[PDB]
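Note: the block below is work_32.pdb and it holds PDB, C-alpha atoms.
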```pdb
MODEL        1
ATOM      1  CA  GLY A   2       0.000   0.000   0.000
ATOM      2  CA  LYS A   3       1.232   3.460  -0.913
ATOM      3  CA  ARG A   4      -1.530   5.859   0.217
ATOM      4  CA  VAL A   5      -0.279   8.676   2.476
ATOM      5  CA  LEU A   6      -2.153  11.107   4.705
ATOM      6  CA  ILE A   7      -0.127  14.318   5.129
ATOM      7  CA  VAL A   8      -0.717  16.266   8.353
ATOM      8  CA  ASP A   9       0.827  19.743   8.740
ATOM      9  CA  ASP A  10      -0.622  23.179   9.554
ATOM     10  CA  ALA A  11       1.585  24.838   6.919
ATOM     11  CA  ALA A  12       0.291  24.704   3.346
ATOM     12  CA  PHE A  13       3.848  25.274   2.103
ATOM     13  CA  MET A  14       5.074  22.179   3.920
ATOM     14  CA  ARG A  15       2.186  19.999   2.747
ATOM     15  CA  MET A  16       2.905  21.038  -0.842
ATOM     16  CA  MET A  17       6.648  20.332  -0.723
ATOM     17  CA  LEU A  18       6.106  17.010   1.008
ATOM     18  CA  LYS A  19       3.394  15.988  -1.461
ATOM     19  CA  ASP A  20       5.815  16.720  -4.329
ATOM     20  CA  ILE A  21       8.432  14.402  -2.823
ATOM     21  CA  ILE A  22       5.920  11.670  -2.041
ATOM     22  CA  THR A  23       4.374  11.682  -5.542
ATOM     23  CA  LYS A  24       7.788  11.869  -7.258
ATOM     24  CA  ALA A  25       8.693   8.744  -5.280
ATOM     25  CA  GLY A  26       5.704   6.864  -6.711
ATOM     26  CA  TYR A  27       3.493   7.081  -3.646
ATOM     27  CA  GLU A  28      -0.026   8.505  -3.584
ATOM     28  CA  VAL A  29      -1.304  11.287  -1.330
ATOM     29  CA  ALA A  30      -4.706  10.104  -0.109
ATOM     30  CA  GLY A  31      -5.515  13.261   1.836
ATOM     31  CA  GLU A  32      -4.297  16.294   3.730
ATOM     32  CA  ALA A  33      -5.041  17.563   7.239
ATOM     33  CA  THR A  34      -4.069  20.883   8.859
ATOM     34  CA  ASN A  35      -4.295  19.963  12.545
ATOM     35  CA  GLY A  36      -4.586  16.949  14.820
ATOM     36  CA  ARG A  37      -8.371  16.902  14.902
ATOM     37  CA  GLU A  38      -8.684  16.795  11.111
ATOM     38  CA  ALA A  39      -5.914  14.167  11.057
ATOM     39  CA  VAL A  40      -7.984  11.795  13.152
ATOM     40  CA  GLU A  41     -11.128  12.378  11.100
ATOM     41  CA  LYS A  42      -9.341  11.875   7.797
ATOM     42  CA  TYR A  43      -7.614   8.748   9.102
ATOM     43  CA  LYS A  44     -11.010   7.175   9.812
ATOM     44  CA  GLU A  45     -12.324   8.379   6.467
ATOM     45  CA  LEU A  46      -9.439   7.324   4.300
ATOM     46  CA  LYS A  47      -7.686   4.468   6.111
ATOM     47  CA  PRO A  48      -4.283   5.520   4.713
ATOM     48  CA  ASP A  49      -1.302   3.155   4.628
ATOM     49  CA  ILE A  50       1.014   5.825   6.020
ATOM     50  CA  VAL A  51       0.539   9.082   7.946
ATOM     51  CA  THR A  52       3.052  11.924   8.102
ATOM     52  CA  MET A  53       2.494  13.957  11.243
ATOM     53  CA  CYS A  54       3.867  17.390  12.097
ATOM     54  CA  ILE A  55       4.580  17.794  15.820
ATOM     55  CA  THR A  56       3.758  21.496  16.230
ATOM     56  CA  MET A  57       0.069  22.076  15.400
ATOM     57  CA  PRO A  58      -2.965  24.091  16.606
ATOM     58  CA  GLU A  59      -6.266  22.788  18.054
ATOM     59  CA  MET A  60      -4.547  19.413  18.590
ATOM     60  CA  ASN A  61      -0.807  18.790  18.604
ATOM     61  CA  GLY A  62       0.944  15.895  16.908
ATOM     62  CA  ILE A  63       1.618  13.690  19.920
ATOM     63  CA  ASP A  64      -2.050  13.728  20.980
ATOM     64  CA  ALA A  65      -3.113  12.933  17.417
ATOM     65  CA  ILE A  66      -0.628  10.051  17.292
ATOM     66  CA  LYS A  67      -2.085   8.688  20.527
ATOM     67  CA  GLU A  68      -5.640   8.933  19.103
ATOM     68  CA  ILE A  69      -4.740   7.247  15.810
ATOM     69  CA  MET A  70      -2.863   4.434  17.597
ATOM     70  CA  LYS A  71      -5.986   3.737  19.691
ATOM     71  CA  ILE A  72      -8.140   3.738  16.556
ATOM     72  CA  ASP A  73      -5.648   1.618  14.603
ATOM     73  CA  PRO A  74      -2.932  -0.112  16.638
ATOM     74  CA  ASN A  75      -1.358  -1.069  13.285
ATOM     75  CA  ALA A  76      -1.064   2.552  12.052
ATOM     76  CA  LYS A  77       2.192   3.575  10.381
ATOM     77  CA  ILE A  78       3.108   7.135  11.365
ATOM     78  CA  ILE A  79       6.188   9.114  10.330
ATOM     79  CA  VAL A  80       6.702  12.222  12.460
ATOM     80  CA  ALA A  81       7.725  15.520  10.830
ATOM     81  CA  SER A  82       9.515  18.326  12.651
ATOM     82  CA  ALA A  83      11.980  21.175  12.434
ATOM     83  CA  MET A  84      15.399  20.715  14.033
ATOM     84  CA  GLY A  85      15.511  21.362  17.761
ATOM     85  CA  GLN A  86      12.426  19.259  18.472
ATOM     86  CA  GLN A  87      14.280  15.977  19.229
ATOM     87  CA  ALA A  88      12.729  15.518  22.692
ATOM     88  CA  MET A  89       9.244  15.923  21.238
ATOM     89  CA  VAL A  90      10.093  13.466  18.438
ATOM     90  CA  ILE A  91      11.222  10.889  21.014
ATOM     91  CA  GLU A  92       7.904  11.340  22.856
ATOM     92  CA  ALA A  93       6.012  10.820  19.592
ATOM     93  CA  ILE A  94       8.033   7.657  18.875
ATOM     94  CA  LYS A  95       7.233   6.258  22.325
ATOM     95  CA  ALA A  96       3.553   6.968  21.598
ATOM     96  CA  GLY A  97       3.782   4.807  18.487
ATOM     97  CA  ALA A  98       5.450   6.617  15.560
ATOM     98  CA  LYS A  99       7.770   4.428  13.474
ATOM     99  CA  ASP A 100      10.235   6.954  12.004
ATOM    100  CA  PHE A 101      10.891  10.649  11.499
ATOM    101  CA  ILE A 102      11.786  13.237   8.888
ATOM    102  CA  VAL A 103      13.128  16.711   9.549
ATOM    103  CA  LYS A 104      12.351  20.027   7.866
ATOM    104  CA  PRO A 105      13.504  21.295   5.465
ATOM    105  CA  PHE A 106      12.723  17.984   3.773
ATOM    106  CA  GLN A 107      15.553  15.987   2.228
ATOM    107  CA  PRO A 108      13.884  13.950  -0.576
ATOM    108  CA  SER A 109      16.266  10.976  -0.289
ATOM    109  CA  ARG A 110      15.532  10.684   3.443
ATOM    110  CA  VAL A 111      11.759  11.001   3.043
ATOM    111  CA  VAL A 112      11.808   8.299   0.369
ATOM    112  CA  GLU A 113      13.809   6.061   2.704
ATOM    113  CA  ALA A 114      11.302   6.541   5.537
ATOM    114  CA  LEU A 115       8.381   5.715   3.232
ATOM    115  CA  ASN A 116      10.036   2.528   1.991
ATOM    116  CA  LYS A 117      11.144   1.506   5.490
ATOM    117  CA  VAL A 118       7.734   1.907   7.118
ATOM    118  CA  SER A 119       6.074   0.107   4.193
TER
ENDMDL
END
```

In C-alpha cells, what does this structure look like?
Amino acid sequence: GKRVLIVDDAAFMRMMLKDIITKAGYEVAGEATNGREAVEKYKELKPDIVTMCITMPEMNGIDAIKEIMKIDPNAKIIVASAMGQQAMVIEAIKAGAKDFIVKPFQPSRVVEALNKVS
C-alpha cells in the first residue's frame, strides 16, 4: 500500500512534502491541517502511512498520534519536525510513531522513511 495522509498546519510544507511523495511513486490520499482533522481523515481514508507534524494548533501531533494508535494499533506514522524538536520526536516515537523526517525535507531521506515503514 502506498496511500499517504499528510498532516501539517503549513500549506507550504504539505505542498513540498506531497511533491516528494508523488515523485517517489506514492499517492497522497488526503491532507489535514491539525490533529483533529488528522484523526477524522484517518477514519475516512484508512491511509497506509501518515506523516504527522509535531507542532500544530487545536490538537498537537503527539495527541493525534495517541488517538490514531488507539483507533488503529497497526497505524504507520512518520513524524515531521523542524530541528531542535528531538525531545518531542522521542515522545512521539514512544507513543507509536515508526520513524521521522526533519524540515527542510531531504527527498532521499523522506523516500527512505516511506520505503522503510512500508

Requested in this report: Please provide the set of residues having any atom within 8 Å of range 57-59 of chain A, restricted to only C-alpha atoms, with same-chain residues fewer than 4 positions apart removed, written as a PyMOL selection string.
Outcome: chain A and resi 9-10+34-37

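Between CA of residue 25 in chain A and CA of residue 2 in chain A lies a distance of 13.4 Å.
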
Name all residues at most 12 Å from residue 18 in chain A (count only C-alpha atoms; drop same-chain ones fewer than 3 positions away) and give them as a JSON list (two decimals) with C-alpha atoms, in the frame of the given file.
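The resulting file, around.json, is reproduced below:
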```
[["chain", "number", "residue", "atom", "x", "y", "z"],
["A", 5, "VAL", "CA", -0.28, 8.68, 2.48],
["A", 6, "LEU", "CA", -2.15, 11.11, 4.70],
["A", 7, "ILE", "CA", -0.13, 14.32, 5.13],
["A", 8, "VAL", "CA", -0.72, 16.27, 8.35],
["A", 9, "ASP", "CA", 0.83, 19.74, 8.74],
["A", 11, "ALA", "CA", 1.58, 24.84, 6.92],
["A", 12, "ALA", "CA", 0.29, 24.70, 3.35],
["A", 13, "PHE", "CA", 3.85, 25.27, 2.10],
["A", 14, "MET", "CA", 5.07, 22.18, 3.92],
["A", 15, "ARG", "CA", 2.19, 20.00, 2.75],
["A", 21, "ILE", "CA", 8.43, 14.40, -2.82],
["A", 22, "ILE", "CA", 5.92, 11.67, -2.04],
["A", 23, "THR", "CA", 4.37, 11.68, -5.54],
["A", 24, "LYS", "CA", 7.79, 11.87, -7.26],
["A", 25, "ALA", "CA", 8.69, 8.74, -5.28],
["A", 27, "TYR", "CA", 3.49, 7.08, -3.65],
["A", 28, "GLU", "CA", -0.03, 8.51, -3.58],
["A", 29, "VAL", "CA", -1.30, 11.29, -1.33],
["A", 32, "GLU", "CA", -4.30, 16.29, 3.73],
["A", 51, "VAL", "CA", 0.54, 9.08, 7.95],
["A", 52, "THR", "CA", 3.05, 11.92, 8.10],
["A", 53, "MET", "CA", 2.49, 13.96, 11.24],
["A", 54, "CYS", "CA", 3.87, 17.39, 12.10],
["A", 81, "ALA", "CA", 7.72, 15.52, 10.83],
["A", 102, "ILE", "CA", 11.79, 13.24, 8.89],
["A", 103, "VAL", "CA", 13.13, 16.71, 9.55],
["A", 104, "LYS", "CA", 12.35, 20.03, 7.87],
["A", 105, "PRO", "CA", 13.50, 21.30, 5.46],
["A", 106, "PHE", "CA", 12.72, 17.98, 3.77],
["A", 107, "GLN", "CA", 15.55, 15.99, 2.23],
["A", 108, "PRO", "CA", 13.88, 13.95, -0.58],
["A", 109, "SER", "CA", 16.27, 10.98, -0.29],
["A", 110, "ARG", "CA", 15.53, 10.68, 3.44],
["A", 111, "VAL", "CA", 11.76, 11.00, 3.04],
["A", 112, "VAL", "CA", 11.81, 8.30, 0.37],
["A", 115, "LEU", "CA", 8.38, 5.72, 3.23]]
```

Report task. Tell me which protein, DNA and RNA residues are within 9 Å of residue 63 in chain A, counting only C-alpha atoms, leaving out same-chain ones fewer than 2 positions away, and put them as a ChimeraX atom specification. Result -> /A:36,53-56,60-61,65-68,89-90,92-94,96

Query raised in the report: Can you tell me how far CA of residue 79 in chain A sits from CA of residue 47 in chain A, in Å to one decimal?
Result: 15.2 Å

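Residue nearest residue 83 in chain A within the list A:95, A:101, A:43, A:16: A:101 [criterion: smallest interatomic distance, all atoms listed in the file].
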
Query raised in the report: Care to translate the PyMOL selection byres ((chain A and resi 76) around 9) into actual residues of this file, as a PyMOL selection string?
Result: chain A and resi 48-51+69-70+72-75+77-78+97-98

Would you output that residue set with C-alpha atoms, as a tab-separated table (two decimals), keeping the file's coordinate frame?
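File produced: out17.tsv:
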```tsv
chain	number	residue	atom	x	y	z
A	48	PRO	CA	-4.28	5.52	4.71
A	49	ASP	CA	-1.30	3.16	4.63
A	50	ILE	CA	1.01	5.82	6.02
A	51	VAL	CA	0.54	9.08	7.95
A	69	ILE	CA	-4.74	7.25	15.81
A	70	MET	CA	-2.86	4.43	17.60
A	72	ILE	CA	-8.14	3.74	16.56
A	73	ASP	CA	-5.65	1.62	14.60
A	74	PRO	CA	-2.93	-0.11	16.64
A	75	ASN	CA	-1.36	-1.07	13.28
A	77	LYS	CA	2.19	3.58	10.38
A	78	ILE	CA	3.11	7.14	11.36
A	97	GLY	CA	3.78	4.81	18.49
A	98	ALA	CA	5.45	6.62	15.56
```

Query - Interatomic distance, CA of residue 82 in chain A to CA of residue 46 in chain A (Å, one decimal) - result: 23.5 Å

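Between residue 62 in chain A and the residues A:44, A:119, A:33, A:84, the shortest atom-to-atom distance, using only C-alpha atoms, involves A:33.
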